[PDB]
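Structure first, then comments.
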Amino acid sequence: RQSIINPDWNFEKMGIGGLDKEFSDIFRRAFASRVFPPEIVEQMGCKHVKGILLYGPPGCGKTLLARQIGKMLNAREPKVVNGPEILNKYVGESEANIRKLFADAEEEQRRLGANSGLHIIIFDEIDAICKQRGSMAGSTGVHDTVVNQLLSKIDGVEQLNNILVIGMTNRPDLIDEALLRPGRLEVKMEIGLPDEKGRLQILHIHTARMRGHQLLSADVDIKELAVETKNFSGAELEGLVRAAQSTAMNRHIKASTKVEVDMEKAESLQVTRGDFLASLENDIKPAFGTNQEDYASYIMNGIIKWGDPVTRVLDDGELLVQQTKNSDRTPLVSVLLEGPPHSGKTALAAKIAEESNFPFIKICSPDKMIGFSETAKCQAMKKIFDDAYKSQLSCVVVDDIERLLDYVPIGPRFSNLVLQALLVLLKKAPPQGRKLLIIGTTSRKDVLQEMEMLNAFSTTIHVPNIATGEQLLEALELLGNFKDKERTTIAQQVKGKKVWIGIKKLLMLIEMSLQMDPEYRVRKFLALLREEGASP
Amino acid sequence: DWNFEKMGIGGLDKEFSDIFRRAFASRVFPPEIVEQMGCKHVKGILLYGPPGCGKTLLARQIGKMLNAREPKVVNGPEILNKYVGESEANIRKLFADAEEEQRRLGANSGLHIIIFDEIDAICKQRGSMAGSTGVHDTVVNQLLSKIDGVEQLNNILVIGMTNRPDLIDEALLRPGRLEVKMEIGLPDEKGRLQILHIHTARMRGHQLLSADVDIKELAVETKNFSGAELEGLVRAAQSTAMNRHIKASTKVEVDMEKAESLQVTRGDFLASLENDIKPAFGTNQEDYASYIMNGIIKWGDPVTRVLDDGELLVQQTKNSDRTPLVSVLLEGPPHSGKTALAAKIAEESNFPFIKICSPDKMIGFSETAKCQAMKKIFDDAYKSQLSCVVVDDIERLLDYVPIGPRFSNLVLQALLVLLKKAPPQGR
Ligand SMILES: Nc1ncnc2c1ncn2[C@@H]1O[C@H](COP(=O)(O)OP(=O)(O)OP(=O)(O)O)[C@@H](O)[C@H]1O
Ligand SMILES: Nc1ncnc2c1ncn2[C@@H]1O[C@H](COP(=O)(O)OP(=O)(O)OP(=O)(O)O)[C@@H](O)[C@H]1O
Ligand SMILES: Nc1ncnc2c1ncn2[C@@H]1O[C@H](COP(=O)(O)OP(=O)(O)O)[C@@H](O)[C@H]1O
Ligand SMILES: Nc1ncnc2c1ncn2[C@@H]1O[C@H](COP(=O)(O)OP(=O)(O)O)[C@@H](O)[C@H]1O
């Protein structure tokens, strides 16, 4: 008759946010049978469920759940096994340990029967103990014995209906098949990364005890914090809050002359939104996706509009991203950029990518696998593409294809594994209701034409060079160098002919020119420009 | 009674300030504001950086600074046994006292410290290393569960140190377990002055040092010189000086008469610099002697032109932004002298760090070895404000016997991608 739930409980009291569906689901397939009047359940001819598995990315609050589910229940305090703590040197004692503590339920069932209080067991990181049978061909084989002991103990000739087991892990692909099946560990559950609304919920939950004592300036607002915080885990948000508190407090302390803390400014303690922002940009750094630093490294000297082609390219990219965002017949898209060397394809790609405002971005550049072998490169590609599938919309910019695969003209000689890997990957649609964009760059179109790759890409874009005196003058004006008189003579000796050069080249030459004396700089520069004389 | 000058670690002010701010702040501010707050205290610190910056000294002194029980030390993989289920027992024994103190007092417990020298030795990425016995993965799991398990702790602080900050498993470096991670790098001129001041304090106290020696010259003349190496130098020169007085070849003898007055002069320091100490991230005079054999003679105009062009490029790299990387190629017919000249240019660039990579020290190697050596040299070069690296006879480094032709591609790819890699922003 006694209720299995504590008379005083609340879903807001436990303090978990953003996992409402998950909490609702388990209860539905778990506690639904233990609260209803027993009579129908006895007429029901049913056995309560035994076993639940929680698997997902690290530090995602997986454990918090176990703690507050143990606390919620109106039953005995559960038993916990902090990983592989049930190993003994003597022969036959691991099995005795694992069998012990599994028999209080047996005793109470054989005593009362059908009226015993629920028992609860916890097996943190089950993966240490339970592993593939026939694997781990090391010595003493104790693990293969213990797994069989467990299997039998939880389900066998003997029946038990008052025990609930819970296990958390980080590698759900290593557990024994049998264990994870009906009757044994059942209703497999997966904890995923949060959305922005979940981030807001977590931030509000963690920022409730400070607003309740007039400790926070009205300047700070949470919507921004939820916006900038991208690819963040609850632990990361808590750490950010802690760092903000620490830096705010530090202002009142004095060091290098022993420890001093004023008790006057103390009473006027306040935290600043700007302080939060500074801490966010300085110390905390997520480990899932890309960060502003990557873009700041790729697009070094920014972007300048020396002509209409750049605007045209940007417009085309905007149209592509909009289509992929809103289109539904075509869950996949791909665009190939082309241009002669030293045109700046990398920077334009990076910029269009950044402008998408997508959740999951990533940049796979050749200079992150120096000296590797073909297999390592393939596995890296596999992992990078694998991560994207677990989101809703994303864009990956593969750069320098003609390097990922090597096309030394001699021969020719080009690895073959990488090529096929890519040619396949670029036609594998993701799981249902998800969207991806694959932006590639190159500098040798004809070779790609020969390799029958040019028909896999959906479309193409062309990036030209600077090929007009007016454009060169505009670029020089924008940069702000060799101006005034200098500019006066340069325009004099250039407009009466045509030019052909890439922006990078121009930058290095301008630099070199300035490094000479101020009595002959223009001469130097103009002289150099002639040396680089060519045309299509 | 503690002060920052007493410790004697000079030149790491910013790092110490940040560590104090991030790890000893909530324990100093009055516990009333902490009660009204929910600032759960941090429980992880990691240190990494090239050898010779004394990561250990830091730890030793910071441990001393505390006033709540001496620390517990683990020396490398000390906690290991052959009986099953024993290393984990040793691991668990570490936290018993803290657990008991927390249970008995709760919020009125003192601080417990744990130090893990060469953490990498035992802690490593899971799922990769061949744990034939399996102790490594088991220990990793045990630590991960104990540090942050269902039960919560608030009075422990772990400091780890390692020169290889990649083999550490990612699961341990999330904000929950280990938050503050710091790099310790080479020192600057001011740091060198600070260190030299410290190491040579008692000596000044007892008038054992001649005024003939100056400290500013010592600081300037020594560049990219690891601090430890500064201490080493001081000690070596001192030893030389004090030996001068002893006169004994076969039968040991001490000339007390000459020992009445003892002082150290510049000459000892100069000799020690020339002969005794040899920096690693510094520059060495041997290579220049081994490459420019018969010197340089001006037999015609072209040489001056070439030298002038070289220094122009040097200037550009030293005094420009927007172009942190510049590369120049020299070529000519064979047996012409297109090797030494590059070394002369490098010696004239006056950069703190210079290095020459040749096929001479790789003969008989295989491809992977050649790629690894190149990567290592450039990785080491990446750690300084300025640098100058020479590659001699790219041809042989790739192998190109004309028949076929026949050459290795892996090396070519490597060198190619390499030449277009930005230095760590700022150098
Ligand atoms: N409008 C612009 N478009 C492109 N790049 C620009 C522009 N304005 C300035 N830049 C600078 O020019 C350079 C663009 O070329 P980048 O350095 O990315 O090499 P790349 O030519 O793409 O490389 P690769 O040789 O691998 O093809 C970057 O420094 C970028 O900051
Ligand atoms: N003015 C000079 N220019 C060049 N070399 C000089 C000059 N004066 C003397 N030498 C000597 O000439 C030799 C240069 O030989 P070096 O190894 O450069 O020839 P190389 O054929 O370019 O080399 P490698 O076969 O490695 O390419 C050295 O002994 C150097 O000291
Ligand atoms: N929904 C959530 N509500 C509150 N805190 C959360 C939530 N999700 C994650 N966290 C934070 O994550 C941390 C718990 O991580 P945990 O799940 O124990 O890591 P692991 O799964 O590796 O054991 C806590 O500090 C907590 O503040
Ligand atoms: N800032 C410093 N000031 C003075 N001496 C220093 C400083 N940093 C390091 N040292 C010296 O360098 C050496 C470092 O030794 P150790 O700590 O064992 O090195 P590591 O931990 O890097 O192997 C010691 O002689 C130490 O006194």
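Letters A, B, ... mark the chains of the structure tokens in the order given; residue numbers begin at 1 per chain; ligand numbers begin at 1, in order shown.
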Residue contacts of segment 101-111 of chain A (9 Å, only C-alpha atoms) excluding same-chain residues fewer than 6 positions away, as a list in words
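Selected residues are residues 79, 117, 118, 119, 121, 153, 154, 159, 160, 161, 162 and 163 of chain A.
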Output N, CA and C atoms of each residue in that selection to a file, as a short mmCIF file (atom, residue, chain, number, x, y, z; two decimals), in the first residue's frame.
data_model
loop_
_atom_site.label_atom_id
_atom_site.label_comp_id
_atom_site.auth_asym_id
_atom_site.auth_seq_id
_atom_site.Cartn_x
_atom_site.Cartn_y
_atom_site.Cartn_z
N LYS A 79 23.15 0.33 -3.98
CA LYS A 79 24.52 -0.14 -3.85
C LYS A 79 25.29 0.27 -5.10
N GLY A 117 10.52 -4.48 -1.13
CA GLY A 117 10.94 -3.16 -1.57
C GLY A 117 11.97 -3.24 -2.68
N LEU A 118 11.89 -2.30 -3.62
CA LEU A 118 12.76 -2.33 -4.78
C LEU A 118 14.22 -2.22 -4.37
N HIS A 119 15.07 -3.05 -4.98
CA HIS A 119 16.51 -2.99 -4.80
C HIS A 119 17.14 -2.27 -5.98
N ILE A 121 21.03 -1.21 -7.93
CA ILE A 121 22.45 -1.47 -8.09
C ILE A 121 23.01 -0.58 -9.20
N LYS A 153 23.46 -14.86 -12.75
CA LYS A 153 22.93 -14.30 -11.48
C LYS A 153 21.71 -13.43 -11.76
N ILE A 154 21.78 -12.53 -12.75
CA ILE A 154 20.68 -11.60 -12.96
C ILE A 154 19.49 -12.29 -13.63
N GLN A 159 14.36 -16.95 -10.33
CA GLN A 159 13.66 -15.74 -10.73
C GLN A 159 13.75 -14.68 -9.64
N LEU A 160 13.84 -13.43 -10.07
CA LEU A 160 13.92 -12.29 -9.17
C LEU A 160 13.15 -11.13 -9.79
N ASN A 161 12.39 -10.41 -8.96
CA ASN A 161 11.52 -9.35 -9.46
C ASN A 161 11.54 -8.13 -8.55
N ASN A 162 12.67 -7.87 -7.88
CA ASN A 162 12.79 -6.71 -7.01
C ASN A 162 14.16 -6.04 -7.13
N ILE A 163 14.80 -6.13 -8.29
CA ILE A 163 16.15 -5.61 -8.49
C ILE A 163 16.17 -4.78 -9.76
#
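Contacts with ligand 3 are defined as any residue atom within 7 Å of a ligand atom, using only C-alpha atoms and all ligand atoms; the residues meeting this criterion are residues 15, 16, 17, 18, 19, 58, 59, 60, 61, 62, 63, 64, 202, 233, 234, 235 and 238 of chain A; 148, 149 and 176 of chain B.
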Given a cut-off of 6 Å, which residues of chain B touch chain A, counting only C-alpha atoms, written out as a PyMOL selection string?
chain B and resi 3-4+83-85+132-133+371
Considering only C-alpha atoms, can you say which of A:42, A:518, A:503, A:359 comes closest to residue 303 of chain A?
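Among the listed residues, the smallest separation from residue 303 of chain A belongs to A:503.
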Surrounding residues of segment 69-71 of chain B excluding itself and chain neighbours under 4 positions, 12 Å, only C-alpha atoms, as number ranges by chain
B: 59-65, 94, 97-98, 109-116, 156-159
Any residue with an atom at most 10 Å from ligand 1 counts, using only C-alpha atoms and all ligand atoms. Which are they? Put them as a count of residues only.
53
Contacts of ligand 4, 6 Å or closer, only C-alpha atoms and all ligand atoms, given as a count of residues only:
13
What residues of the protein or nucleic acid chains come within 10 Å of ligand 2 when you use only C-alpha atoms and all ligand atoms? Reply as a PyMOL selection string.
chain B and resi 289-300+302-304+330-344+358+392-396
Those same residues, written as a CSV table (one decimal), in the first residue's frame with N, CA and C atoms?
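The result, written out as part.csv:
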chain,number,residue,atom,x,y,z
B,289,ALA,N,82.0,25.6,-38.4
B,289,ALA,CA,83.4,25.2,-38.6
B,289,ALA,C,83.4,24.0,-39.5
B,290,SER,N,82.5,23.1,-39.5
B,290,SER,CA,82.5,21.9,-40.3
B,290,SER,C,82.0,22.1,-41.7
B,291,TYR,N,81.3,23.2,-42.0
B,291,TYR,CA,80.8,23.5,-43.3
B,291,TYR,C,81.6,24.5,-44.1
B,292,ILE,N,81.9,25.7,-43.6
B,292,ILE,CA,82.7,26.6,-44.3
B,292,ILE,C,84.1,26.3,-44.0
B,293,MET,N,84.7,25.4,-44.8
B,293,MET,CA,86.0,24.8,-44.5
B,293,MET,C,87.2,25.8,-44.8
B,294,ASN,N,87.3,26.2,-46.0
B,294,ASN,CA,88.4,27.1,-46.4
B,294,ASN,C,88.0,28.6,-46.4
B,295,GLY,N,87.0,28.9,-45.7
B,295,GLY,CA,86.6,30.3,-45.6
B,295,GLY,C,85.9,30.8,-46.9
B,296,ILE,N,85.9,32.1,-47.0
B,296,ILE,CA,85.3,32.8,-48.1
B,296,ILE,C,86.3,33.8,-48.7
B,297,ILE,N,86.4,33.8,-50.0
B,297,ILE,CA,87.3,34.8,-50.7
B,297,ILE,C,86.5,35.4,-51.8
B,298,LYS,N,86.6,36.7,-52.0
B,298,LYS,CA,85.9,37.5,-53.0
B,298,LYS,C,86.7,37.5,-54.3
B,299,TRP,N,86.3,36.7,-55.2
B,299,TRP,CA,87.0,36.5,-56.5
B,299,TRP,C,86.3,37.3,-57.6
B,300,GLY,N,85.2,38.0,-57.4
B,300,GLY,CA,84.5,38.7,-58.4
B,300,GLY,C,83.2,39.3,-57.8
B,302,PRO,N,79.9,38.9,-58.3
B,302,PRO,CA,78.7,38.2,-57.9
B,302,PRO,C,78.6,37.9,-56.5
B,303,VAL,N,79.7,37.6,-55.8
B,303,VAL,CA,79.6,37.2,-54.4
B,303,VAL,C,78.9,38.3,-53.6
B,304,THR,N,79.4,39.5,-53.8
B,304,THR,CA,78.8,40.6,-53.0
B,304,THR,C,77.3,40.7,-53.3
B,330,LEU,N,68.4,28.6,-53.6
B,330,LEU,CA,69.7,28.9,-54.3
B,330,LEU,C,70.0,27.7,-55.2
B,331,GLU,N,70.6,28.0,-56.4
B,331,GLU,CA,70.9,27.0,-57.4
B,331,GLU,C,72.1,27.4,-58.2
B,332,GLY,N,72.7,26.4,-58.9
B,332,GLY,CA,73.8,26.6,-59.7
B,332,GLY,C,74.3,25.3,-60.3
B,333,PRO,N,75.4,25.4,-61.1
B,333,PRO,CA,75.9,24.1,-61.6
B,333,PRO,C,76.7,23.4,-60.5
B,334,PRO,N,77.2,22.2,-60.8
B,334,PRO,CA,77.8,21.4,-59.8
B,334,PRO,C,79.2,21.8,-59.4
B,335,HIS,N,79.6,21.4,-58.3
B,335,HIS,CA,81.0,21.6,-57.8
B,335,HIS,C,81.3,23.1,-57.9
B,336,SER,N,80.3,24.0,-57.6
B,336,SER,CA,80.5,25.4,-57.8
B,336,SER,C,80.7,26.2,-56.5
B,337,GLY,N,80.2,25.6,-55.3
B,337,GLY,CA,80.3,26.3,-54.1
B,337,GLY,C,79.0,26.8,-53.5
B,338,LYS,N,77.9,26.2,-53.9
B,338,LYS,CA,76.6,26.6,-53.6
B,338,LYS,C,76.1,26.0,-52.3
B,339,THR,N,77.0,25.7,-51.3
B,339,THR,CA,76.7,25.2,-50.0
B,339,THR,C,77.1,26.1,-48.9
B,340,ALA,N,78.5,26.3,-48.8
B,340,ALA,CA,79.0,27.1,-47.7
B,340,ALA,C,78.3,28.5,-47.7
B,341,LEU,N,78.0,29.1,-48.8
B,341,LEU,CA,77.5,30.4,-48.8
B,341,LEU,C,76.2,30.5,-48.0
B,342,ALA,N,75.4,29.5,-48.1
B,342,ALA,CA,74.2,29.5,-47.3
B,342,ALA,C,74.5,29.6,-45.8
B,343,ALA,N,75.4,28.8,-45.4
B,343,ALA,CA,75.8,28.8,-44.0
B,343,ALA,C,76.4,30.1,-43.6
B,344,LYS,N,77.1,30.8,-44.4
B,344,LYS,CA,77.6,32.1,-44.1
B,344,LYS,C,76.5,33.1,-44.0
B,358,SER,N,70.9,17.9,-42.9
B,358,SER,CA,71.6,17.3,-44.1
B,358,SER,C,71.2,15.9,-44.2
B,392,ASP,N,70.1,21.2,-47.1
B,392,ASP,CA,71.2,21.1,-48.1
B,392,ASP,C,71.0,20.0,-49.0
B,393,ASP,N,71.1,20.2,-50.3
B,393,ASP,CA,70.9,19.2,-51.4
B,393,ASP,C,69.5,18.6,-51.3
B,394,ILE,N,68.5,19.4,-51.5
B,394,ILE,CA,67.1,18.8,-51.5
B,394,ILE,C,67.1,17.6,-52.4
B,395,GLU,N,67.9,17.6,-53.4
B,395,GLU,CA,67.9,16.5,-54.4
B,395,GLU,C,68.1,15.2,-53.7
B,396,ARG,N,69.2,15.0,-53.0
B,396,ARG,CA,69.5,13.7,-52.4
B,396,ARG,C,68.5,13.4,-51.3
Write out as a PyMOL selection string the residues lying within 9 Å of residue 137 of chain B, counting only C-alpha atoms and excluding same-chain residues fewer than 2 positions away.
(chain A and resi 128) or (chain B and resi 123-127+129+131+134-135+139-142)
Selected residues, N, CA and C atoms, written as a CSV table (one decimal), in the first residue's frame, please.
chain,number,residue,atom,x,y,z
A,128,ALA,N,34.9,-1.7,-17.9
A,128,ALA,CA,36.1,-2.3,-17.4
A,128,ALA,C,36.0,-3.8,-17.1
B,123,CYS,N,49.0,7.1,-17.0
B,123,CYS,CA,47.8,7.5,-17.7
B,123,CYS,C,48.1,7.7,-19.2
B,124,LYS,N,47.3,7.1,-20.0
B,124,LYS,CA,47.4,7.2,-21.5
B,124,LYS,C,46.1,6.9,-22.1
B,125,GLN,N,46.0,7.2,-23.4
B,125,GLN,CA,44.7,7.0,-24.1
B,125,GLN,C,44.2,5.6,-24.1
B,126,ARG,N,42.9,5.5,-23.8
B,126,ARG,CA,42.3,4.1,-23.7
B,126,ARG,C,42.0,3.6,-25.1
B,127,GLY,N,41.9,2.3,-25.2
B,127,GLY,CA,41.6,1.7,-26.5
B,127,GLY,C,42.6,1.6,-27.5
B,129,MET,N,46.6,1.4,-26.5
B,129,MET,CA,47.8,0.6,-26.1
B,129,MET,C,47.4,-0.8,-25.8
B,131,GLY,N,47.2,-3.4,-23.8
B,131,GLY,CA,47.1,-3.9,-22.5
B,131,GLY,C,46.9,-5.4,-22.4
B,134,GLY,N,46.1,-5.8,-19.2
B,134,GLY,CA,45.0,-4.9,-19.0
B,134,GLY,C,45.0,-4.0,-17.8
B,135,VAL,N,46.2,-3.9,-17.1
B,135,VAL,CA,46.3,-3.1,-16.0
B,135,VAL,C,46.1,-1.6,-16.3
B,139,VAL,N,43.4,0.8,-14.5
B,139,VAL,CA,43.9,1.9,-13.7
B,139,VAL,C,43.3,3.2,-14.2
B,140,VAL,N,43.2,3.4,-15.5
B,140,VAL,CA,42.6,4.6,-16.0
B,140,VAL,C,41.2,4.7,-15.6
B,141,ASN,N,40.4,3.6,-15.7
B,141,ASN,CA,39.0,3.6,-15.3
B,141,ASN,C,38.9,3.9,-13.8
B,142,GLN,N,39.7,3.3,-13.0
B,142,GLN,CA,39.6,3.5,-11.5
B,142,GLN,C,39.9,4.9,-11.2
Using only C-alpha atoms, determine which residues lie at most 6 Å from segment 420-436 of chain A, disregarding the query and same-chain residues fewer than 3 positions distant; provide the list as a compact mmCIF listing (two decimals) with N, CA and C atoms, in the first residue's frame.
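Okay, around-v6.txt is ready:
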# COMPACT_ATOMS: atom_id res chain seq x y z
N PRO A 331 18.86 16.27 -49.90
CA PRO A 331 19.54 16.41 -48.61
C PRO A 331 21.04 16.63 -48.72
N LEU A 332 21.62 16.54 -49.91
CA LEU A 332 23.05 16.65 -50.11
C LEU A 332 23.35 17.62 -51.24
N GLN A 392 22.26 18.10 -37.41
CA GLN A 392 21.12 18.33 -38.30
C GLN A 392 21.50 19.06 -39.58
N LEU A 393 22.43 20.01 -39.52
CA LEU A 393 22.93 20.67 -40.71
C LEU A 393 24.38 21.06 -40.48
N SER A 394 25.22 20.84 -41.49
CA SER A 394 26.65 21.10 -41.32
C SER A 394 27.30 21.35 -42.68
N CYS A 395 28.53 21.87 -42.64
CA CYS A 395 29.30 22.12 -43.85
C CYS A 395 30.78 21.89 -43.60
N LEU A 417 43.77 4.52 -53.10
CA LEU A 417 42.81 4.31 -52.03
C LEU A 417 42.06 5.61 -51.72
Go through segment 78-234 of chain B and collect every residue that DSSP, computed from the backbone, puts in helix (DSSP H, G or I); the answer should be as an NGL selection string.
:B and (87-93 or 96-105 or 119-121 or 135-147 or 170-172 or 189-199 or 202-205 or 215-221 or 227-234)
Atom-to-atom span, atom CA of residue 224 of chain A and atom CA of residue 274 of chain A, Å
11.7 Å
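Taking atom CA of residue 494 of chain A as the reference point, atom CA of residue 530 of chain A is found at 10.3 Å.
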